[PDB]
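Contents: one structure, followed by commentary.
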Amino acid sequence: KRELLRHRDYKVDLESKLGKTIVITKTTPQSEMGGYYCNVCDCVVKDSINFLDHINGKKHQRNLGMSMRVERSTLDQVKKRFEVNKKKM
Amino acid sequence: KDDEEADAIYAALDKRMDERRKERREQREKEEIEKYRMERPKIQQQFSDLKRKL
Amino acid sequence: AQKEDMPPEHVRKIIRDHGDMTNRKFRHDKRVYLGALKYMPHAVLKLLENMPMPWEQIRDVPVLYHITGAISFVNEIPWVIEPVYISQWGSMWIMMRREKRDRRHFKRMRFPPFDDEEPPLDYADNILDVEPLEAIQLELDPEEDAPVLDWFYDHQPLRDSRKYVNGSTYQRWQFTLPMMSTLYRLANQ
Amino acid sequence: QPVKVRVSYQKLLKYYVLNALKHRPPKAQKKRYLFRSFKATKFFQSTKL
Amino acid sequence: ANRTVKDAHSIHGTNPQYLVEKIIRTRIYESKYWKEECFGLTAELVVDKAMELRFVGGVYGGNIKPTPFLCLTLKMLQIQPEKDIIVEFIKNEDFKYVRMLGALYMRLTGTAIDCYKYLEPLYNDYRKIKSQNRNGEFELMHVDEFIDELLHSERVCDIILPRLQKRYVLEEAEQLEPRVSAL
Amino acid sequence: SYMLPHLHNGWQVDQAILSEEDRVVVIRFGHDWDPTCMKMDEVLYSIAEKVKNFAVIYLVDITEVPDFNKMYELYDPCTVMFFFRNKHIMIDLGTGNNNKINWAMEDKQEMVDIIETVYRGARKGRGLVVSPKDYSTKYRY
RNA sequence: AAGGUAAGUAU
RNA sequence: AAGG
C-alpha cells in the first residue's frame, strides 16, 4: 500500500528563522529545539540542506505511506497542463 | 553453482597455460635442492643419530 | 567438431547492451564475467600488434570475444613477407617525405583526440556508414612495377596464391626473381 | 650531425650490443596456446571485425 | 529520488543520466534547487517548473553551481519522457525556454535523425533570451543561435553532447531530406 | 614462537579480547612457520614475562582462523594488533598504517615501550596513541 | 604510488 | 538525519 511519489505543493521555510535565537533547556523536548524538525518522521535536523535530504529520503516518504516511485505521465494531462498554464497568464 | 563452474574453468585454463615448462622446471628444482642438500643438510637430519639415542 | 564463426552483429549487440554494470538484469552471473577480465593486457597486446599499416584503409581481423562482452581478443599474428613489408615501408618513407616537402603547413593531430568525458564512439552509427579516407599509397608504374603491382599494398599479399605461399597460414613464400628485384628497387631508401 | 643524434646512435648501439650479449636460447617447452584454449571453452566466440 | 526510473531504457548504451559528467551530476544532485523543486517531477510538474525558467546555461561560479535549466534537463534524463512529450515541448510556441529544454533533451537522447528532423525547424525562432555564463554573468542570444550550437557545438551548457552524423553524410545516403531554409 | 598460547578459532580470539579488562591484549596474526612471524614471536616471547602485569600475548594462525582477514586486512606475513577492553587501540607508528604492526621488530625494549604506550593511552580512554619511535625510516646508516 | 587517517559522541 |  505504498502510494507513488508526488511533488511537494508547499515550499519549505528554510530561511524562516534567520537571525533568531532559541533558548533550549534540559526539559525542552525535540519539538521546540533549534534547527529543523519533522513530525512525520519525528527527527531534528540542524541544516537546510540536510533537512531537504531528509524530507527527500526513503524513510520520510515511507512514514507518509508513500513510495519513491514517480508515476509516468500521460500526453493528455501534459497538454492540459500546457493549456491551463497558458490560460492562467 | 555456475560461479563455481566458471571459476573452475578459468583455474583449469590457467593451469593448462602453465604446462609448457611445469614438469621441466619442477624436475630441475628437484635436482637443484638435492645438489644444495648434500652440502647443506637439513637441521633435523644433523640430529637424527642423537635423536635415536633418546 | 569446430566452432562456427558468429555474425559480426552478434558481438555488436552484446557490446551495445550490458554496457553499464549498474544494470541488475545480468548481475546474477559475474564470476564468468570477472574471471575473463584478467587477460586485458593480452587483448591490449594483440590489438596493438595488429594495427593497420599506412597503406591499408580497413583491416578486418579475426576476433575472439567473451560470451558476455567482457573482453575481445584479436586472434591473429601479423605475419608479413619480409621483402614485401620492407618495400612497402620504403615506399611509405618516400610518400611521407614527398608529402612533407609538398605540403606547406602540416596540421599535427590534437592529443588526446577526444574529450575525457566524451564516451567512446559507437562503431555502427559513426564508422560503419562513413567511407574511409584515402590511404597512403605510392603510385606504381605499370611498366616496371608489373611483377608486384597487382598484389602490392594489399593486406597479406599473395595470401591466396598457392604458387607464392604455402597457404592461408601465410608461413612460407616463394617469389620469382623479377618480383624480388622490383621489391629491392622499391626499398632503396 | 648534432650531439644529441650522435648520442642517439651510441645508445641504440648500446642496446643492440646488450641484447646480443644477454641472448639465451629459448627453453624447451610444450606448445600451449592461450587463444586456442579460449576457443575450447564455451565462454568465447569467434567472429571477424 | 536520485536514480533512474525502472521503466526507463538505456540511452546510447549507458544510463540516461550518464550523458552528463559525474562531476556535474554530483553537483546538481547536491544543489538546493534539485533537492527542493525537483524531488519528484512528472512531465506535468516539469512543464510547470519549465516556464519559471529565466535563463539557459550549465554551471557557474568558482564552485560548480548548476542553473535550474541544467537541473531540469537532468531531471528529464532521469525520468524518461516519451518522444511525443519531447515534440510537444518543442511544439510549444508561447514559452521559448520550454522549447529550448525540449530541444536540448532531444539533442541529448534523440537519434541523429531526430536531431535534424525536430530541431532544424526551430531555426525560424529568433526570440531574444538570456544566457548565464560560467562566471555567473548573463548574456543575450537568440533561439536560432542556441539551435545552431546544439547542432554544431560539441559542448553546450557544460554538457558534452553525443556525436551526430554530419548533415552532408546524412544527405548522401538520402534517408534525410536536405534542409531548405526560409531564406 | 611455540611457547605462547594459541587461539584456534574466531570465538576464542573474541573471548581472549573480551576476557582481559585491565591488560592490553596483544595478538599476533600470521603463521608460526613464517620467518618474519618467527622473529616477531621470538621478540614477543622474550618480553612475555616482563609485560604480564599489563599485557597478554596470543598467537593466531590466519589460515586456521581466517575470520579476521577481511576485517583487519591481515594480508601480510606478520601482523601485531592491540586491543584493550574490547576496543582496537590504533598506534601512530609513522608507517602510514596506524592499525597494526605489520613487520618484525628486533629490540625487546622497543616492543615493551610500544605496549606500555598503548596501555597508558587506552587506560586514559584513547583510540589512538603516538608511538615513542617513528618508523618512517629504518635508521640504517 | 605511499611513508600526510586525530580518537570520538550525536543527527 | 541522507546516500548504494
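If you're wondering about the labels, chains in the C-alpha cells are A, B, ... by order shown, residues count from 1 in each chain, ligands from 1 in order shown.
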Query raised in the report: Quick one: DSSP helix (DSSP H, G or I) residues in chain A, as a PyMOL selection string?
Result: chain A and resi 48-55+58-63+75-88
Requested in this report: Select residues of chain A: the criterion is any atom within 9 Å of an atom of chain G, counting only C-alpha atoms (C1' of nucleotides); output as a list in words.
Outcome: residues 43, 44, 45 and 46 of chain A
Go ahead and dump the residues you just picked, N, CA, C and O atoms, as a PDB file, in the first residue's frame.
ATOM      1  N   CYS A  43      12.091  13.795  13.830  1.00  0.00           N
ATOM      2  CA  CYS A  43      13.539  13.931  13.916  1.00  0.00           C
ATOM      3  C   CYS A  43      13.952  15.387  13.877  1.00  0.00           C
ATOM      4  O   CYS A  43      13.201  16.237  13.400  1.00  0.00           O
ATOM      5  N   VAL A  44      15.146  15.681  14.374  1.00  0.00           N
ATOM      6  CA  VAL A  44      15.643  17.049  14.342  1.00  0.00           C
ATOM      7  C   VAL A  44      16.871  17.150  13.455  1.00  0.00           C
ATOM      8  O   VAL A  44      17.802  16.357  13.582  1.00  0.00           O
ATOM      9  N   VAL A  45      16.875  18.119  12.553  1.00  0.00           N
ATOM     10  CA  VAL A  45      17.998  18.314  11.647  1.00  0.00           C
ATOM     11  C   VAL A  45      18.400  19.780  11.707  1.00  0.00           C
ATOM     12  O   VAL A  45      17.544  20.667  11.613  1.00  0.00           O
ATOM     13  N   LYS A  46      19.698  20.036  11.865  1.00  0.00           N
ATOM     14  CA  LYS A  46      20.211  21.382  12.078  1.00  0.00           C
ATOM     15  C   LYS A  46      20.723  22.029  10.797  1.00  0.00           C
ATOM     16  O   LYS A  46      21.532  22.960  10.864  1.00  0.00           O
TER      17      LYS A  46
END
Query raised in the report: What does the distance between atom CA of residue E:159 and atom CA of residue E:20 come to in Å, to one decimal place?
Result: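 About the pair atom CA of residue E:159 and atom CA of residue E:20: they are 6.0 Å apart.
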Report as a PDB file with N, CA, C and O atoms, in the first residue's frame: the residues of stretch 30-88 of chain E with a DSSP assignment of strand (DSSP E), based on the backbone of this structure.
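The resulting file, out_11.pdb, is shown below:
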ATOM      1  N   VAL E  59      26.728  25.402 -15.627  1.00  0.00           N
ATOM      2  CA  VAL E  59      27.142  25.683 -14.261  1.00  0.00           C
ATOM      3  C   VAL E  59      27.898  27.004 -14.249  1.00  0.00           C
ATOM      4  O   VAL E  59      28.439  27.447 -15.264  1.00  0.00           O
ATOM      5  N   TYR E  60      27.924  27.638 -13.078  1.00  0.00           N
ATOM      6  CA  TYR E  60      28.511  28.960 -12.933  1.00  0.00           C
ATOM      7  C   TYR E  60      29.242  29.056 -11.601  1.00  0.00           C
ATOM      8  O   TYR E  60      29.077  28.216 -10.712  1.00  0.00           O
ATOM      9  N   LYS E  65      28.158  25.360  -9.530  1.00  0.00           N
ATOM     10  CA  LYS E  65      26.770  25.545  -9.124  1.00  0.00           C
ATOM     11  C   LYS E  65      25.875  25.481 -10.353  1.00  0.00           C
ATOM     12  O   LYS E  65      26.006  26.329 -11.252  1.00  0.00           O
ATOM     13  N   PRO E  66      24.966  24.517 -10.446  1.00  0.00           N
ATOM     14  CA  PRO E  66      24.156  24.375 -11.659  1.00  0.00           C
ATOM     15  C   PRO E  66      22.974  25.331 -11.697  1.00  0.00           C
ATOM     16  O   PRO E  66      22.412  25.714 -10.669  1.00  0.00           O
TER      17      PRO E  66
END
Report task. Tell me, as a list in words, which residues lie within 12 Å of residue H:4, counting only C-alpha atoms (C1' of nucleotides); anything in the same chain fewer than 4 positions away does not count. Result ->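 These residues fall inside the cut-off: residues 22 of chain C; 2 and 3 of chain E.
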Just-selected residues, C-alpha atoms written as a PDB file, in the first residue's frame:
ATOM      1  CA  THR C  22      24.636  -0.786 -12.892  1.00  0.00           C
TER       2      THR C  22
ATOM      3  CA  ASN E   2      18.011  10.181  -7.385  1.00  0.00           C
ATOM      4  CA  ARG E   3      18.263   7.032  -9.539  1.00  0.00           C
TER       5      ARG E   3
END
**Report entry** Neighbour list for residue E:138 as a list in words, cut-off 12 Å, only C-alpha atoms (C1' of nucleotides), skip fewer than 2 positions in-chain
**Finding:**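 Using only C-alpha atoms (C1' of nucleotides), the neighbours found are residues 54, 55, 56, 57, 58, 60, 67, 129, 130, 131, 132, 133, 134, 135, 136, 140 and 141 of chain E.
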May I have the selected residues written with N, CA and C atoms, as a CSV table (one decimal), in the first residue's frame?
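Below is the file that was written, out_29.csv:
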chain,number,residue,atom,x,y,z
E,54,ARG,N,14.2,31.4,-16.2
E,54,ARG,CA,14.5,32.8,-16.7
E,54,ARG,C,15.8,32.8,-17.6
E,55,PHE,N,16.5,31.7,-17.6
E,55,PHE,CA,17.8,31.7,-18.4
E,55,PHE,C,18.1,30.3,-18.7
E,56,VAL,N,19.1,30.1,-19.7
E,56,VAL,CA,19.6,28.8,-20.0
E,56,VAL,C,21.1,28.8,-19.8
E,57,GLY,N,21.6,27.7,-19.3
E,57,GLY,CA,23.0,27.6,-19.0
E,57,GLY,C,23.4,26.3,-18.3
E,58,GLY,N,24.7,26.1,-18.1
E,58,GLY,CA,25.2,24.9,-17.4
E,58,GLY,C,25.5,25.2,-16.0
E,60,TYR,N,27.9,27.6,-13.1
E,60,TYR,CA,28.5,29.0,-12.9
E,60,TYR,C,29.2,29.1,-11.6
E,67,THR,N,22.6,25.7,-12.9
E,67,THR,CA,21.4,26.5,-13.2
E,67,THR,C,20.2,25.6,-13.1
E,129,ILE,N,16.8,35.8,-25.7
E,129,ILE,CA,16.9,35.1,-24.5
E,129,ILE,C,18.1,35.5,-23.7
E,130,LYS,N,18.1,35.2,-22.4
E,130,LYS,CA,19.3,35.5,-21.5
E,130,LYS,C,20.0,34.2,-21.2
E,131,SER,N,21.3,34.2,-21.4
E,131,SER,CA,22.1,33.0,-21.2
E,131,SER,C,23.2,33.3,-20.1
E,132,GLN,N,23.2,32.5,-19.1
E,132,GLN,CA,24.2,32.7,-18.0
E,132,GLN,C,25.5,32.1,-18.3
E,133,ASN,N,26.6,32.9,-18.2
E,133,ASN,CA,27.9,32.4,-18.5
E,133,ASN,C,28.4,31.6,-17.3
E,134,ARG,N,29.6,31.0,-17.5
E,134,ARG,CA,30.2,30.2,-16.4
E,134,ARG,C,30.7,31.1,-15.3
E,135,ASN,N,30.8,32.4,-15.5
E,135,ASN,CA,31.3,33.3,-14.5
E,135,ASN,C,30.1,33.9,-13.7
E,136,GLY,N,28.9,33.4,-13.9
E,136,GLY,CA,27.7,34.0,-13.3
E,136,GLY,C,27.1,35.1,-14.0
E,140,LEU,N,22.8,38.0,-23.7
E,140,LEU,CA,21.7,37.9,-24.6
E,140,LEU,C,22.0,37.2,-25.9
E,141,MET,N,21.2,36.1,-26.2
E,141,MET,CA,21.4,35.5,-27.5
E,141,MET,C,20.0,35.2,-28.0
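For the pair atom CA of residue F:122 and atom CA of residue F:41, the interatomic distance is 23.4 Å.
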Requested in this report: Please identify all polymer residues within 9 Å of residue C:173, counting only C-alpha atoms (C1' of nucleotides), omitting same-chain residues fewer than 6 positions from it, and present them as a list in words.
Outcome: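 So the residues in contact are residues 81, 158, 163, 164, 165 and 166 of chain C.
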Residues at most 8 Å from stretch 4-8 of chain B, counting only C-alpha atoms (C1' of nucleotides), excluding those fewer than 5 positions away in the same chain, as an mmCIF file with C-alpha atoms, in the first residue's frame?
data_model
loop_
_atom_site.group_PDB
_atom_site.id
_atom_site.type_symbol
_atom_site.label_atom_id
_atom_site.label_comp_id
_atom_site.auth_asym_id
_atom_site.auth_seq_id
_atom_site.Cartn_x
_atom_site.Cartn_y
_atom_site.Cartn_z
ATOM 1 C CA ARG C 31 32.234 -14.851 -11.960
ATOM 2 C CA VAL C 32 32.203 -15.753 -15.656
ATOM 3 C CA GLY C 35 37.292 -14.329 -14.427
#
Query raised in the report: How many Å lie between atom CA of residue C:167 and atom CA of residue C:63, rounded to one decimal?
Result: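 Rounded to one decimal, the two atoms are 20.4 Å apart.
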Requested in this report: With a distance cut-off of 6 Å and only C-alpha atoms (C1' of nucleotides), select the neighbouring residues of residue C:64, excluding the residue or stretch itself and same-chain residues fewer than 5 positions from it, and output the selection as a ChimeraX atom specification.
Outcome: /C:72-73,75 /D:45-46
**Report entry** Within 8 Å of chain C: residues of chain E, using only C-alpha atoms, as a PyMOL selection string
**Finding:** chain E and resi 13-15+21+160+162-163+165+169
